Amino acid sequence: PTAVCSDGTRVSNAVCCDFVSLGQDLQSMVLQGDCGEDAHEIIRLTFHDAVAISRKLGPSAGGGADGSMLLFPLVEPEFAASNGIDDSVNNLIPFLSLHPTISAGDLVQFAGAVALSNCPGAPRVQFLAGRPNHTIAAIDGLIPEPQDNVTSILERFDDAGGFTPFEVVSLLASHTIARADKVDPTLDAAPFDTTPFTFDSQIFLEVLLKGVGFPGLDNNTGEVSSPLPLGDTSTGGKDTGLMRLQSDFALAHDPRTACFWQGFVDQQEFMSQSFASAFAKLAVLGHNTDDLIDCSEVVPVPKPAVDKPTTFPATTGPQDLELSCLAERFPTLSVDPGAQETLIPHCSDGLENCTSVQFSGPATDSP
């Protein structure tokens, strides 16, 4: 039966109402309404928590979206594939006691939904509640790494939850708001696209440009050359140059995924809807949706997509593209004016001095 919540929201089930105050606390205490560092790491955690599940190995290998990352913070966060995930994990642990009617699995996925809503252009994702509050730690080896090839990547997603190559590329839209802190031991927050605080299709276009150099070292595992490597870090600045993952490069050029990859370029609505569909499927891995309840209405309405069209970043152009998809012509797009590479801002407000909430906690990371 229906009820209305404290902020006035109509809900199909009154047990959805407990998520209202949780969302408010996630914003006030961690996310701060920003599509910033803390939001990005929390979105990354939804994937690390959910994908640790295997059809072929059976339930003992992992329970998927079950909050195992939070309930066993001394196990999975410290596996090599998850180096750096401790930040999100430690930020979320306190909410377990603060909102004890909400399972760790629900907490992770709801935090991800709220985090996404802070990012201009992101979809309002489905949110189902009712994941059980108990599980066990997954085994190591279930999380794809940037050095993995496409066959491996596709097999892992298929084994986790029957994701198709389209769904995999759709999920990787998330790298439109992604940066790397661990891939290069000399770099902090190296962005994967020129708008890491905007949920747009720049990532799809920019992975297709010819690489020309590196923002840091030239020999990091899982990293390939970037088309826009220049930053201001060599002189003490925080605007790290753009980084490209080997896995993104490979997905953009593999015959199984290349057309899906390019298909999202300058297709904002198609990209956000496709991400939303694949993400909703990721969010319930390890669960039958019949055992869950629909609490989608308590997901905040996201910031709207920006006005700006998809364009070539300064100093780049269509002549720099490496195309692989024969089925669809790459669209004609404007080029941003400028003779020099434009620094990619370290903060959503365009400055370099922003700071982020970080709670201390039991999960740890390595350099």
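Don't overthink the numbering: it's just position in the shown sequence, from 1.
K.L.:
Take the C-alpha B-factors listed in the entry for 101 to 109 and for 267 to 275, compute each mean, and give the stretch with the larger one.
P.N.:
Result of the comparison: 101 to 109.
K.L.:
When the Cα temperature factors in the entry are averaged, is it 91 to 99 or 118 to 126 that ends up higher?
P.N.:
That would be 91 to 99.
K.L.:
Return the residue from 254, 248, 290, 193 that has the highest Cα B-factor in the entry.
P.N.:
Of the candidates given, the C-alpha B-factor peaks at 290.
K.L.:
Using only modelled residues of the chain, where does the Cα B factor of residue 64 rank: lowest third, middle third or highest third?
P.N.:
Within its chain, residue 64 is a middle-third residue by C-alpha B-factor, going by the deposited values.
K.L.:
By the record's CA B-factor, is residue 189 among the lowest, middle or highest third of residues in the chain?
P.N.:
Ranked within chain, residue 189 CA B lands in the middle tercile.
K.L.:
Ranking every modelled residue in this chain by its Cα temperature factor as given in the entry, which third contains residue 230?
P.N.:
Top third by C-alpha B-factor.
K.L.:
Divide the modelled residues of the chain into thirds by Cα B-factor and specify which third, lowest, middle or highest, holds residue 348.
P.N.:
According to the entry, residue 348 has a C-alpha B-factor in the chain's middle third.
K.L.:
Ranking the modelled residues of this chain by C-alpha B-factor as given in the entry, is residue 217 in the lowest, middle or highest third?
P.N.:
Within its chain, residue 217 is a highest-third residue by C-alpha B-factor, going by the deposited values.
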